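So this block is model_8.txt, compact mmCIF, N, CA and C atoms:
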```txt
# COMPACT_ATOMS: atom_id res chain seq x y z
N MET A 1 8.17 -39.86 24.31
CA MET A 1 8.20 -39.27 22.94
C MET A 1 6.79 -38.95 22.46
N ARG A 2 6.70 -37.99 21.55
CA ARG A 2 5.42 -37.60 20.99
C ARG A 2 5.58 -37.28 19.53
N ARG A 3 4.53 -37.54 18.76
CA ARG A 3 4.54 -37.29 17.34
C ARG A 3 3.84 -35.95 17.09
N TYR A 4 4.49 -35.10 16.30
CA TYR A 4 3.97 -33.77 16.00
C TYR A 4 4.00 -33.45 14.51
N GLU A 5 3.18 -32.49 14.13
CA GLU A 5 3.14 -32.03 12.75
C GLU A 5 3.68 -30.62 12.81
N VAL A 6 4.73 -30.37 12.03
CA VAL A 6 5.35 -29.06 12.03
C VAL A 6 5.04 -28.32 10.75
N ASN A 7 4.30 -27.23 10.89
CA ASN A 7 3.89 -26.39 9.77
C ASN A 7 4.75 -25.14 9.71
N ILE A 8 5.48 -25.00 8.60
CA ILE A 8 6.37 -23.87 8.40
C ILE A 8 5.95 -23.05 7.18
N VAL A 9 5.91 -21.73 7.34
CA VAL A 9 5.57 -20.84 6.24
C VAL A 9 6.85 -20.08 5.91
N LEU A 10 7.27 -20.13 4.65
CA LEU A 10 8.49 -19.44 4.25
C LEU A 10 8.24 -18.26 3.31
N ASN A 11 9.25 -17.40 3.21
CA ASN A 11 9.24 -16.24 2.33
C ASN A 11 8.75 -16.77 0.98
N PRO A 12 7.67 -16.19 0.43
CA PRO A 12 7.16 -16.67 -0.85
C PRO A 12 8.01 -16.30 -2.06
N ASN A 13 8.99 -15.42 -1.85
CA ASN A 13 9.84 -14.96 -2.95
C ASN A 13 11.11 -15.76 -3.19
N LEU A 14 11.30 -16.84 -2.45
CA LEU A 14 12.49 -17.66 -2.63
C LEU A 14 12.34 -18.50 -3.89
N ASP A 15 13.45 -18.95 -4.47
CA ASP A 15 13.34 -19.79 -5.67
C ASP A 15 13.61 -21.24 -5.30
N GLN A 16 13.21 -22.14 -6.18
CA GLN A 16 13.38 -23.57 -5.97
C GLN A 16 14.67 -23.92 -5.22
N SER A 17 15.78 -23.37 -5.70
CA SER A 17 17.09 -23.62 -5.11
C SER A 17 17.19 -23.26 -3.63
N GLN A 18 16.79 -22.04 -3.29
CA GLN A 18 16.85 -21.59 -1.91
C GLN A 18 15.89 -22.37 -1.03
N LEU A 19 14.71 -22.70 -1.55
CA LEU A 19 13.73 -23.45 -0.77
C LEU A 19 14.32 -24.79 -0.35
N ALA A 20 15.00 -25.42 -1.29
CA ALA A 20 15.63 -26.71 -1.04
C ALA A 20 16.63 -26.61 0.13
N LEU A 21 17.40 -25.53 0.17
CA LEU A 21 18.38 -25.35 1.24
C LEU A 21 17.73 -25.10 2.61
N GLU A 22 16.69 -24.26 2.65
CA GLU A 22 15.98 -23.98 3.90
C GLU A 22 15.33 -25.26 4.41
N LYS A 23 14.81 -26.04 3.47
CA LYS A 23 14.14 -27.30 3.76
C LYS A 23 15.10 -28.29 4.43
N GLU A 24 16.35 -28.29 3.98
CA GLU A 24 17.37 -29.18 4.51
C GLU A 24 17.83 -28.71 5.88
N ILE A 25 18.08 -27.42 6.00
CA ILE A 25 18.52 -26.82 7.25
C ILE A 25 17.50 -27.07 8.35
N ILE A 26 16.24 -26.78 8.05
CA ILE A 26 15.16 -26.97 9.00
C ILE A 26 15.14 -28.41 9.49
N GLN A 27 15.33 -29.36 8.58
CA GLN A 27 15.35 -30.75 8.99
C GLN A 27 16.52 -31.05 9.92
N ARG A 28 17.69 -30.51 9.60
CA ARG A 28 18.87 -30.75 10.43
C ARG A 28 18.74 -30.09 11.80
N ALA A 29 18.06 -28.95 11.84
CA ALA A 29 17.86 -28.25 13.10
C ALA A 29 16.94 -29.09 13.99
N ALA A 30 15.89 -29.63 13.40
CA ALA A 30 14.93 -30.47 14.12
C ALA A 30 15.62 -31.70 14.69
N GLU A 31 16.42 -32.37 13.86
CA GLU A 31 17.12 -33.57 14.30
C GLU A 31 18.09 -33.23 15.41
N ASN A 32 18.52 -31.98 15.46
CA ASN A 32 19.44 -31.54 16.50
C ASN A 32 18.80 -31.49 17.87
N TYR A 33 17.47 -31.48 17.91
CA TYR A 33 16.74 -31.46 19.16
C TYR A 33 16.15 -32.84 19.47
N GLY A 34 16.76 -33.86 18.88
CA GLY A 34 16.33 -35.23 19.12
C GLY A 34 15.10 -35.72 18.37
N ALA A 35 14.77 -35.05 17.28
CA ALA A 35 13.61 -35.43 16.49
C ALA A 35 13.96 -36.38 15.35
N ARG A 36 13.06 -37.32 15.08
CA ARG A 36 13.25 -38.23 13.98
C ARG A 36 12.21 -37.78 12.96
N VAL A 37 12.66 -37.34 11.78
CA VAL A 37 11.75 -36.87 10.74
C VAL A 37 11.17 -38.06 9.98
N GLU A 38 9.86 -38.24 10.07
CA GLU A 38 9.21 -39.37 9.41
C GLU A 38 8.69 -39.03 8.02
N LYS A 39 8.41 -37.76 7.79
CA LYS A 39 7.88 -37.35 6.50
C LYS A 39 7.94 -35.85 6.30
N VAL A 40 8.31 -35.45 5.09
CA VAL A 40 8.40 -34.04 4.73
C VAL A 40 7.61 -33.85 3.46
N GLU A 41 6.91 -32.74 3.37
CA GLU A 41 6.10 -32.48 2.20
C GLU A 41 6.05 -30.98 1.91
N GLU A 42 6.22 -30.62 0.64
CA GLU A 42 6.15 -29.21 0.23
C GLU A 42 4.72 -28.96 -0.24
N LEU A 43 3.96 -28.18 0.52
CA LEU A 43 2.58 -27.88 0.16
C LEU A 43 2.45 -26.77 -0.88
N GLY A 44 3.47 -25.92 -0.99
CA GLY A 44 3.42 -24.84 -1.97
C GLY A 44 2.82 -23.54 -1.49
N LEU A 45 2.54 -22.66 -2.45
CA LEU A 45 1.98 -21.33 -2.19
C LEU A 45 0.53 -21.28 -1.75
N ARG A 46 0.27 -20.53 -0.69
CA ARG A 46 -1.08 -20.36 -0.17
C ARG A 46 -1.31 -18.91 0.25
N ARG A 47 -2.57 -18.53 0.37
CA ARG A 47 -2.92 -17.18 0.78
C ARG A 47 -3.04 -17.19 2.30
N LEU A 48 -2.19 -16.41 2.97
CA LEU A 48 -2.19 -16.35 4.43
C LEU A 48 -3.49 -15.79 5.02
N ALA A 49 -3.79 -16.20 6.24
CA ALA A 49 -4.97 -15.72 6.95
C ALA A 49 -4.79 -14.20 7.13
N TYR A 50 -3.54 -13.78 7.23
CA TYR A 50 -3.20 -12.37 7.37
C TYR A 50 -1.75 -12.19 6.93
N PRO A 51 -1.45 -11.05 6.30
CA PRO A 51 -0.12 -10.73 5.81
C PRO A 51 0.97 -10.76 6.86
N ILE A 52 2.13 -11.28 6.49
CA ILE A 52 3.28 -11.31 7.39
C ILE A 52 4.41 -10.70 6.58
N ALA A 53 5.04 -9.67 7.14
CA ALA A 53 6.12 -8.95 6.46
C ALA A 53 5.60 -8.32 5.17
N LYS A 54 4.40 -7.73 5.25
CA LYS A 54 3.73 -7.09 4.12
C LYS A 54 3.46 -8.05 2.97
N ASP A 55 3.54 -9.34 3.24
CA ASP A 55 3.30 -10.33 2.20
C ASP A 55 2.07 -11.16 2.52
N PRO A 56 1.09 -11.19 1.61
CA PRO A 56 -0.14 -11.96 1.84
C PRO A 56 -0.01 -13.44 1.46
N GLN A 57 1.14 -13.82 0.91
CA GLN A 57 1.37 -15.20 0.52
C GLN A 57 2.51 -15.85 1.28
N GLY A 58 2.54 -17.17 1.25
CA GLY A 58 3.59 -17.91 1.91
C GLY A 58 3.77 -19.28 1.30
N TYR A 59 4.99 -19.81 1.34
CA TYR A 59 5.28 -21.13 0.81
C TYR A 59 5.22 -22.07 2.01
N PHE A 60 4.33 -23.05 1.95
CA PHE A 60 4.15 -23.98 3.05
C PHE A 60 4.92 -25.29 2.98
N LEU A 61 5.54 -25.63 4.11
CA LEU A 61 6.26 -26.88 4.26
C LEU A 61 5.60 -27.63 5.39
N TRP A 62 5.74 -28.94 5.39
CA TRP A 62 5.10 -29.74 6.42
C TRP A 62 6.01 -30.92 6.80
N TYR A 63 6.15 -31.16 8.10
CA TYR A 63 6.97 -32.26 8.60
C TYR A 63 6.21 -33.05 9.63
N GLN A 64 6.46 -34.35 9.66
CA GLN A 64 5.84 -35.18 10.67
C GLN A 64 7.03 -35.72 11.42
N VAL A 65 7.06 -35.49 12.72
CA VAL A 65 8.19 -35.95 13.51
C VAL A 65 7.81 -36.54 14.85
N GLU A 66 8.77 -37.28 15.41
CA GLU A 66 8.61 -37.84 16.73
C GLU A 66 9.80 -37.30 17.51
N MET A 67 9.55 -36.75 18.69
CA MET A 67 10.65 -36.21 19.48
C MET A 67 10.24 -35.98 20.93
N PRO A 68 11.23 -35.71 21.81
CA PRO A 68 10.96 -35.47 23.23
C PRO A 68 10.12 -34.20 23.34
N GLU A 69 9.01 -34.26 24.05
CA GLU A 69 8.17 -33.07 24.18
C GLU A 69 8.93 -31.93 24.85
N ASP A 70 9.94 -32.28 25.65
CA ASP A 70 10.75 -31.30 26.37
C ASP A 70 11.62 -30.39 25.51
N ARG A 71 11.91 -30.80 24.28
CA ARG A 71 12.77 -29.99 23.43
C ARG A 71 12.03 -29.30 22.30
N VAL A 72 10.73 -29.53 22.22
CA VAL A 72 9.92 -28.94 21.17
C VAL A 72 9.98 -27.42 21.14
N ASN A 73 9.61 -26.79 22.25
CA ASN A 73 9.62 -25.34 22.30
C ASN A 73 10.95 -24.73 21.90
N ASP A 74 12.05 -25.30 22.37
CA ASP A 74 13.36 -24.78 22.02
C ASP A 74 13.55 -24.80 20.50
N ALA A 75 13.14 -25.90 19.86
CA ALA A 75 13.27 -26.04 18.42
C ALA A 75 12.43 -25.01 17.68
N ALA A 76 11.21 -24.78 18.18
CA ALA A 76 10.31 -23.81 17.56
C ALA A 76 10.93 -22.42 17.59
N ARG A 77 11.60 -22.09 18.69
CA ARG A 77 12.25 -20.79 18.84
C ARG A 77 13.33 -20.58 17.80
N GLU A 78 14.25 -21.53 17.70
CA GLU A 78 15.34 -21.40 16.75
C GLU A 78 14.78 -21.22 15.34
N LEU A 79 13.69 -21.92 15.04
CA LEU A 79 13.08 -21.82 13.72
C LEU A 79 12.38 -20.49 13.49
N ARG A 80 11.60 -20.05 14.48
CA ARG A 80 10.87 -18.80 14.36
C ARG A 80 11.75 -17.61 14.00
N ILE A 81 13.00 -17.62 14.46
CA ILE A 81 13.88 -16.49 14.19
C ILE A 81 14.73 -16.54 12.92
N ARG A 82 14.52 -17.55 12.07
CA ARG A 82 15.27 -17.62 10.83
C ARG A 82 14.65 -16.56 9.91
N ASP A 83 15.49 -15.85 9.17
CA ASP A 83 15.03 -14.79 8.27
C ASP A 83 13.94 -15.16 7.26
N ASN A 84 14.04 -16.33 6.63
CA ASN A 84 13.05 -16.74 5.65
C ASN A 84 11.80 -17.39 6.23
N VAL A 85 11.80 -17.69 7.52
CA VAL A 85 10.65 -18.31 8.15
C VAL A 85 9.71 -17.23 8.67
N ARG A 86 8.46 -17.26 8.20
CA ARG A 86 7.49 -16.25 8.59
C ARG A 86 6.53 -16.75 9.68
N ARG A 87 6.31 -18.05 9.73
CA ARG A 87 5.40 -18.61 10.71
C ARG A 87 5.69 -20.08 11.00
N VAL A 88 5.65 -20.42 12.28
CA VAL A 88 5.89 -21.78 12.74
C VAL A 88 4.72 -22.23 13.62
N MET A 89 4.21 -23.42 13.33
CA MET A 89 3.08 -23.95 14.07
C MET A 89 3.32 -25.44 14.31
N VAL A 90 3.38 -25.83 15.58
CA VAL A 90 3.59 -27.22 15.94
C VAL A 90 2.37 -27.76 16.66
N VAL A 91 1.80 -28.83 16.13
CA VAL A 91 0.63 -29.44 16.73
C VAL A 91 0.82 -30.94 16.93
N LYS A 92 0.21 -31.48 17.97
CA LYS A 92 0.30 -32.90 18.24
C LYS A 92 -0.47 -33.62 17.14
N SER A 93 0.14 -34.65 16.58
CA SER A 93 -0.46 -35.42 15.50
C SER A 93 -1.76 -36.13 15.90
N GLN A 94 -2.76 -36.07 15.03
CA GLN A 94 -4.04 -36.72 15.28
C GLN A 94 -4.22 -38.00 14.47
N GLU A 95 -3.87 -37.94 13.19
CA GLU A 95 -3.96 -39.09 12.29
C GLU A 95 -2.69 -39.08 11.46
N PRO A 96 -1.60 -39.63 12.03
CA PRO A 96 -0.28 -39.71 11.41
C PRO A 96 -0.21 -40.49 10.11
N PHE A 97 0.67 -40.05 9.21
CA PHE A 97 0.86 -40.72 7.95
C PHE A 97 1.62 -42.00 8.21
N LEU A 98 1.34 -43.01 7.40
CA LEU A 98 1.97 -44.31 7.54
C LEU A 98 3.09 -44.52 6.53
```

Could you render the structure as structure tokens?
Amino acid sequence: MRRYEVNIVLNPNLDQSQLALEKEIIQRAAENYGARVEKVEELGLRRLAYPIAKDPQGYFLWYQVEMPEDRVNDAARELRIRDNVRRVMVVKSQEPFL
């Protein structure tokens, strides 16, 4: 098993209600690949390094998880193709939250 930090950028035009639903779905999708979600955090609106879908902004979500390294890529794929997800970045944890 390995601990990873999952950075998700969502459509900045969603409202509180829709964000909550995407946030839940994403968590259930992750758990579906054998991941245990240790922490979730909504970072909010940020200015992207570069526009995605003609949008220079994005709503950032963050997850800390532990899961089989073998299923990570598959999970990233399913996430990358969701309509409201603009960017997915998975990195090995360096200083995990307690």

| query | Which of these residues is nearest to residue 26 of chain A, using only C-alpha atoms: A:96, A:8, A:46, A:87? | reply | A:8

| request: May I have the residues within 8 Å of residue 97 of chain A as number ranges by chain, using all atoms listed in the file and disregarding those fewer than 2 positions away in the same chain? | output: A: 38-39, 64, 93-95

| request: Mind giving me the straight-line distance from atom CA of residue 33 of chain A to atom C of residue 10 of chain A in Å, one decimal? | output: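 A separation of 22.3 Å between them.
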
| Separation of atom C of residue 69 of chain A from atom C of residue 98 of chain A, in Å and rounded to one decimal |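 A separation of 23.0 Å between them.
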
| Between atom CA of residue 6 of chain A and atom N of residue 55 of chain A - distance in Å to one decimal | 21.7 Å

| Cut-off 7 Å around (7.1, -17.2, -1.0) with only N, CA and C atoms: residues as a VMD selection string | chain A and resid 10 to 14 45 57 to 59

| request: Using all atoms listed in the file, pick whichever of A:20, A:40, A:90, A:25 has the shortest atom-to-atom distance to residue 76 of chain A. | output: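 Result for the nearest residue to residue 76 of chain A: A:90.
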
Some atoms are missing, so please complete segment 63-87 of chain A with N, CA, C and O atoms and return it as a compact mmCIF listing (two decimals), in the frame of the given file.
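Printed below is out09.txt as written:
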```
# COMPACT_ATOMS: atom_id res chain seq x y z
N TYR A 63 6.15 -31.16 8.10
CA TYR A 63 6.97 -32.26 8.60
C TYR A 63 6.21 -33.05 9.63
O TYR A 63 5.40 -32.51 10.38
N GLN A 64 6.46 -34.35 9.66
CA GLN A 64 5.84 -35.18 10.67
C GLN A 64 7.03 -35.72 11.42
O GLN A 64 7.92 -36.31 10.83
N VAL A 65 7.06 -35.49 12.72
CA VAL A 65 8.19 -35.95 13.51
C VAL A 65 7.81 -36.54 14.85
O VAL A 65 6.70 -36.36 15.35
N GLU A 66 8.77 -37.28 15.41
CA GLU A 66 8.61 -37.84 16.73
C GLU A 66 9.80 -37.30 17.51
O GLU A 66 10.94 -37.37 17.04
N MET A 67 9.55 -36.75 18.69
CA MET A 67 10.65 -36.21 19.48
C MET A 67 10.24 -35.98 20.93
O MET A 67 9.07 -36.05 21.27
N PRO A 68 11.23 -35.71 21.81
CA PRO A 68 10.96 -35.47 23.23
C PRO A 68 10.12 -34.20 23.34
O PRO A 68 10.49 -33.17 22.78
N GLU A 69 9.01 -34.26 24.05
CA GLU A 69 8.17 -33.07 24.18
C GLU A 69 8.93 -31.93 24.85
O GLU A 69 8.61 -30.76 24.64
N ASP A 70 9.94 -32.28 25.65
CA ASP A 70 10.75 -31.30 26.37
C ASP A 70 11.62 -30.39 25.51
O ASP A 70 12.04 -29.34 25.96
N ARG A 71 11.91 -30.80 24.28
CA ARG A 71 12.77 -29.99 23.43
C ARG A 71 12.03 -29.30 22.30
O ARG A 71 12.63 -28.55 21.53
N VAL A 72 10.73 -29.53 22.22
CA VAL A 72 9.92 -28.94 21.17
C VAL A 72 9.98 -27.42 21.14
O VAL A 72 10.37 -26.83 20.14
N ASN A 73 9.61 -26.79 22.25
CA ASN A 73 9.62 -25.34 22.30
C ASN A 73 10.95 -24.73 21.90
O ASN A 73 10.98 -23.73 21.18
N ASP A 74 12.05 -25.30 22.37
CA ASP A 74 13.36 -24.78 22.02
C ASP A 74 13.55 -24.80 20.50
O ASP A 74 14.06 -23.84 19.92
N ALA A 75 13.14 -25.90 19.86
CA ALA A 75 13.27 -26.04 18.42
C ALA A 75 12.43 -25.01 17.68
O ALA A 75 12.87 -24.43 16.68
N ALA A 76 11.21 -24.78 18.18
CA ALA A 76 10.31 -23.81 17.56
C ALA A 76 10.93 -22.42 17.59
O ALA A 76 10.80 -21.66 16.63
N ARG A 77 11.60 -22.09 18.69
CA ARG A 77 12.25 -20.79 18.84
C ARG A 77 13.33 -20.58 17.80
O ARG A 77 13.34 -19.56 17.10
N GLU A 78 14.25 -21.53 17.70
CA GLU A 78 15.34 -21.40 16.75
C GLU A 78 14.78 -21.22 15.34
O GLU A 78 15.32 -20.44 14.55
N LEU A 79 13.69 -21.92 15.04
CA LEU A 79 13.08 -21.82 13.72
C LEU A 79 12.38 -20.49 13.49
O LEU A 79 12.53 -19.88 12.44
N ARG A 80 11.60 -20.05 14.48
CA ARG A 80 10.87 -18.80 14.36
C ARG A 80 11.75 -17.61 14.00
O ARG A 80 11.29 -16.71 13.30
N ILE A 81 13.00 -17.62 14.46
CA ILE A 81 13.88 -16.49 14.19
C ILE A 81 14.73 -16.54 12.92
O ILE A 81 15.57 -15.67 12.71
N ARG A 82 14.52 -17.55 12.07
CA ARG A 82 15.27 -17.62 10.83
C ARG A 82 14.65 -16.56 9.91
O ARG A 82 13.42 -16.41 9.88
N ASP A 83 15.49 -15.85 9.17
CA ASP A 83 15.03 -14.79 8.27
C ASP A 83 13.94 -15.16 7.26
O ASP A 83 13.01 -14.39 7.05
N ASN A 84 14.04 -16.33 6.63
CA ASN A 84 13.05 -16.74 5.65
C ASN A 84 11.80 -17.39 6.23
O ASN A 84 10.83 -17.62 5.51
N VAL A 85 11.80 -17.69 7.52
CA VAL A 85 10.65 -18.31 8.15
C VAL A 85 9.71 -17.23 8.67
O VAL A 85 10.10 -16.40 9.47
N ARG A 86 8.46 -17.26 8.20
CA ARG A 86 7.49 -16.25 8.59
C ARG A 86 6.53 -16.75 9.68
O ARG A 86 6.01 -15.96 10.46
N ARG A 87 6.31 -18.05 9.73
CA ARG A 87 5.40 -18.61 10.71
C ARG A 87 5.69 -20.08 11.00
O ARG A 87 5.94 -20.87 10.09
```
